[PDB]
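Data block below; observations after.
Just so it is clear, the values below take in all heavy atoms, side chains as well, and ignore hydrogens, waters and symmetry mates. In what follows, chains carry the letters A, B, and so on, assigned in the order in which the sequence lines appear, proteins first and then strands, with residues in each chain numbered from 1.
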Protein chains: 2
Amino acid sequence: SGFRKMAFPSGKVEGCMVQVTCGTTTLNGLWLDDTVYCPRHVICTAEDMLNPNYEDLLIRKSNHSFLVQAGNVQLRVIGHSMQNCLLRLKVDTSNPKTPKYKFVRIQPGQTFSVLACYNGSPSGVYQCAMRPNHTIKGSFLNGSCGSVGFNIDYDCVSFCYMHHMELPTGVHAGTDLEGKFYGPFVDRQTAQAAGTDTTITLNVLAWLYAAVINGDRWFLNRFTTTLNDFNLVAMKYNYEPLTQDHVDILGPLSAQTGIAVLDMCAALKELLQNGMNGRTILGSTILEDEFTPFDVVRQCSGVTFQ
Amino acid sequence: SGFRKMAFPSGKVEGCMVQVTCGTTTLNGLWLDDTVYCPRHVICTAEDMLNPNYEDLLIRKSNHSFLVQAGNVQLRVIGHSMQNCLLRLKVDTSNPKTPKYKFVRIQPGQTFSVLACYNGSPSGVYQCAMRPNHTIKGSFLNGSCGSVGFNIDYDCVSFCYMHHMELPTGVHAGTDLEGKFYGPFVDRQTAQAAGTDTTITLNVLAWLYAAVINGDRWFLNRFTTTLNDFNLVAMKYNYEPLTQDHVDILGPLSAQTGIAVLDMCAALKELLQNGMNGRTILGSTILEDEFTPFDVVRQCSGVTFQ
Ligand SMILES: [Hg+2]
Ligand SMILES: [Hg+2]
């Protein structure tokens, strides 16, 4: 039946994207009810980049210093405030398309859909995982700031990311919808760089279970392993240590496939030590770590091929 | 800035998905204006699968034999007709959310976004390419028939695919929005199977240009090649033969990077003959062929890193 990195339908989020302008800078904003959210760096000018004092820069602005455009309509700003690294703009109109929603701060290793947007206009949607080093390997060009990340559950949109900048290695950093950065990054031009990253062990295991659910088990073996012995191998291949909590999480998938978690860990250990010998898993030649146990249960059939 | 397999925002299509029921079978339908489109096999029963005569099966149906549900609203069918492998249901209501649109039959190697849907409710969106063998490697489960594929250009949705079935190897087959199947497949239970497939050479080349545009050129070399000599190597690695037409298409990308097309072909030849030696391109360990020259120009910056 296949397995793809699929994102959530973006319709509910497309109806919330607007354009925010201050000075000569234009970027994206998120319009929910009568509030518009956007990166606070929309108020920076060329000489503010290296060491900006957003408090000082903001006090010098009025409500009309901000221009908010929704489609072909102009929204009047009737108030503004700064919440951490975000700007909260109050507008005279409540978004008619505001969906049921909430703000969530996702944890490292978890996934979400990103709606790439430019000038308040959505251009594409794709899935990505919050890396353990707190960055995401997205696809963003100039003008993409303000684009948001989200998950959708029973018609409720859980926003978890707003794009702010690109680091030296081409990876991206941002904040949650409360303006707090994911990772030790700050919104100013410095020498900051992404820290060392690691493979999301729990997700690789989830993915191996998806492969079995879809009918493939060539990588399994007759061995088992203890968490300790497994982590000795994981540490050598730069994989996150596996904990009992992660083992517990894999419970449902283990049950659906009849493959004990530690037995699957034994399979992973072998794959790491001997490689895949020209073979593929779910079409991949490498071990995928951008699918959480949740993502697998969501996309795969509830009935294993067997 | 990154490179991801990104799909088009699905909002405009989500507003067109409905549920169609006939007998005990329920699947997805596409609602545009006052017409609902869905796979004609929605009228098949267990004993019709092997050798169904849709003409005979359909004449036995009335307008009320069909149930169309849009969200929490029931649409009354006031007419029905069969167009090739599709059923065209006339309804008493015109879809208020019908976007500007058109029906297009895409060509092999081209890409489109798929909005996976179940019971008339969108569940996910992802990109895929129409393989040279006329199938797509999608992700579909029971109840996904009727899900559509599309591309979006300047607010105009070009529908190009409707899902009908899964073949033995787990790949998928469908029709364009005129009900004509892509490939030599038919909507009946038979021993039909996907034919031999090949790698989309033009797309791999497009992808290599994207890598250079993003700042990477470790795979380039000092050689060049003629189309003939290139195709001798391509034929050995099961790649589609490159034609002058394909060379012409790569013109813009060649110009933006300053790398002659045949020179890039020389690079590809080397990569095929010597492998990637543990190196990666745009994060991949293999040669990607699901990105068209159009997809690259769309996602990549217009300014090469250099
Ligand atoms: Hg700034
Ligand atoms: Hg049928």
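Listed options A/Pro9, A/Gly11, A/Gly283 were ranked by heavy-atom pairs under 4.5 angstrom with chain B; first place goes to A/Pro9. Counting heavy-atom pairs closer than 4.5 Å to chain A, the top-ranked of the candidates B/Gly170, B/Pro122, B/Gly138 is B/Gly138.
Listed by chain and residue number, A/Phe3, A/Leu282, A/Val296, A/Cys300 satisfy the side-chain contact (heavy atoms from CB on, under 4.5 Å) test with A/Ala210 (two or more places apart in sequence, or in another chain).
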Donor-acceptor pairs under 3.5 Å, chain B to chain A, main chain and side chains both?
{"from": "B/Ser1", "atom 1": "O", "to": "A/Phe140", "atom 2": "N", "distance (Å)": "3.0"}
{"from": "B/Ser1", "atom 1": "OG", "to": "A/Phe140", "atom 2": "O", "distance (Å)": "3.4"}
{"from": "B/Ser1", "atom 1": "OG", "to": "A/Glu166", "atom 2": "OE1", "distance (Å)": "3.3"}
{"from": "B/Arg4", "atom 1": "NH1", "to": "A/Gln127", "atom 2": "O", "distance (Å)": "3.2"}
{"from": "B/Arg4", "atom 1": "NH1", "to": "A/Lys137", "atom 2": "O", "distance (Å)": "2.8"}
{"from": "B/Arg4", "atom 1": "NH2", "to": "A/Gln127", "atom 2": "O", "distance (Å)": "2.6"}
{"from": "B/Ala7", "atom 1": "N", "to": "A/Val125", "atom 2": "O", "distance (Å)": "3.0"}
{"from": "B/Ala7", "atom 1": "O", "to": "A/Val125", "atom 2": "N", "distance (Å)": "2.9"}
{"from": "B/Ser10", "atom 1": "N", "to": "A/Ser10", "atom 2": "OG", "distance (Å)": "3.2"}
{"from": "B/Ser10", "atom 1": "N", "to": "A/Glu14", "atom 2": "OE2", "distance (Å)": "3.2"}
{"from": "B/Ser10", "atom 1": "OG", "to": "A/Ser10", "atom 2": "N", "distance (Å)": "3.2"}
{"from": "B/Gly11", "atom 1": "N", "to": "A/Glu14", "atom 2": "OE2", "distance (Å)": "2.6"}
{"from": "B/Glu14", "atom 1": "OE2", "to": "A/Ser10", "atom 2": "N", "distance (Å)": "3.2"}
{"from": "B/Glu14", "atom 1": "OE2", "to": "A/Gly11", "atom 2": "N", "distance (Å)": "2.6"}
{"from": "B/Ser123", "atom 1": "O", "to": "A/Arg298", "atom 2": "NH1", "distance (Å)": "3.4"}
{"from": "B/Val125", "atom 1": "N", "to": "A/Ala7", "atom 2": "O", "distance (Å)": "2.9"}
{"from": "B/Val125", "atom 1": "O", "to": "A/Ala7", "atom 2": "N", "distance (Å)": "3.0"}
{"from": "B/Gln127", "atom 1": "O", "to": "A/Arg4", "atom 2": "NH1", "distance (Å)": "3.2"}
{"from": "B/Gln127", "atom 1": "O", "to": "A/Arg4", "atom 2": "NH2", "distance (Å)": "2.6"}
{"from": "B/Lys137", "atom 1": "O", "to": "A/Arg4", "atom 2": "NH1", "distance (Å)": "2.8"}
{"from": "B/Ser139", "atom 1": "OG", "to": "A/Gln299", "atom 2": "OE1", "distance (Å)": "2.7"}
{"from": "B/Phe140", "atom 1": "N", "to": "A/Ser1", "atom 2": "O", "distance (Å)": "3.0"}
{"from": "B/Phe140", "atom 1": "O", "to": "A/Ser1", "atom 2": "OG", "distance (Å)": "3.4"}
{"from": "B/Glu166", "atom 1": "OE1", "to": "A/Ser1", "atom 2": "OG", "distance (Å)": "3.3"}
{"from": "B/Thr285", "atom 1": "OG1", "to": "A/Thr285", "atom 2": "OG1", "distance (Å)": "3.3"}
{"from": "B/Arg298", "atom 1": "NH1", "to": "A/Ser123", "atom 2": "O", "distance (Å)": "3.4"}
{"from": "B/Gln299", "atom 1": "OE1", "to": "A/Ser139", "atom 2": "OG", "distance (Å)": "2.7"}

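The list of salt bridge (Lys or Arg N to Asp or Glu O under 4.0 Å) pairs with a residue in residues 115-127 of chain B, not counting sequence neighbours, is empty.
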